[PDB]
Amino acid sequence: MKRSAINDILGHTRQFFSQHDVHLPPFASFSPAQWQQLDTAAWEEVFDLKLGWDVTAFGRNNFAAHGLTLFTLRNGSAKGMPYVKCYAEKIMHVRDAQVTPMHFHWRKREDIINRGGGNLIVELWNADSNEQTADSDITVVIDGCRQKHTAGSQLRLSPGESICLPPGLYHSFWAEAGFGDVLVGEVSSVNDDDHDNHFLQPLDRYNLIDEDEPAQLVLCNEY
C-alpha cells in the first residue's frame, strides 16, 4: 500500500466516524511530528499494546474488495504482563461490500457489534482438527440469545446487534453490498494481531508501505 492511499483512507474513515458521532482520543489525531515530541515514558502503553490506527489489505492488492480500517482504543498484554487488563476495544470502518477474510483467533473471544450504518454480514464455520472449515453446526450467542445454525451460515447484524465469537470459530464479515458502510465495534479479551490470527488462506495481517508522501498519521504497527 502507498502512504498516500493510507492518508486518504484514514481521512475518509475519520470523517465516517465523525458522521456517526464517534469520538476518538486526542492521540488519534497526532501527526508524526507530534508523536516525536511526546514523553515516551508516559506513553509506553500505546506503543506496547499497539493502540491506534490500523489499515490493512490483508497482504493483497485490492483494499476496496478485501480490507479493513480499525482504531484500537484499549487493550492489555497478550501474556498479562506488564499490562494486566483482560479486555480490549476496537472501533472499525467496514466499507460497502468490503470483505475481512475468513479467520479464527487462538485465544481472543470477541463480540462483534454493528454500531451503525449498513448491515454487517458475518459468515461462520467451526474449524476442524486440520484447521479447515468443518461441516458441523455452529452455536453462537447473538445479544444474549443462544442459537444453533448450519455450517457456513451468513448472519445479518442490523445496527445495534452483536455476536459473540468464541476462540477457534472461523468468521468472515463484510458490509452487505449496496446498504452502505458499517461502523463496527469490537469488545473482546486481549488483542494480539502479531500471533492470535489464523487465516484460512495463508495471508499477512499487515501490508508493507510505499512511502510516496509524508505520513499524516502513525499506524499502530510502526511506533
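Note that residue numbering follows the sequence shown and begins at 1.
Visitor: Mind pulling up the entry and telling me whether 15 to 23 or 200 to 208 has the higher mean Cα temperature factor?
Guide: Result of the comparison: 200 to 208.
Visitor: Please compare 79 to 87 with 96 to 104 and say which has the higher mean C-alpha temperature factor in the record.
Guide: In the deposited entry, the stretch with the higher C-alpha B-factor mean is 79 to 87.
Visitor: Out of 173, 179, 170, 53, whose C-alpha atom has the biggest B factor in the entry?
Guide: Within the set 173, 179, 170, 53, 179 shows the top C-alpha B-factor.
Visitor: Identify, among 162, 189, 40, 69, the residue whose C-alpha carries the highest B-factor in the deposited PDB entry.
Guide: The listed residue with the largest C-alpha B-factor is 40.
Visitor: Rank-wise, by C-alpha B-factor, drop residue 111 into the lowest, middle or highest third of its chain.
Guide: Lowest third, going by the recorded CA B-factors of the chain.
Visitor: Using the B-factor values recorded in the entry, state whether the Cα atom of residue 157 falls in the lowest, middle or highest third among the modelled residues of its chain.
Guide: It falls in the middle third of the chain.
Visitor: Compare the C-alpha B factor of residue 46 with those of the other modelled residues in its chain, then answer lowest, middle or highest third.
Guide: For residue 46, whose C-alpha B-factor we compare with every modelled residue in the chain, the answer is the middle third.
Visitor: When the modelled residues of the chain are sorted by Cα temperature factor, does residue 57 land in the lowest, middle or highest third?
Guide: Answer is highest: the recorded C-alpha B-factor places it there.
Visitor: Taking the chain's C-alpha temperature factors as the reference, tell me which third residue 64 falls into: lowest, middle or highest.
Guide: Within its chain, residue 64 is a highest-third residue by C-alpha B-factor, going by the deposited values.
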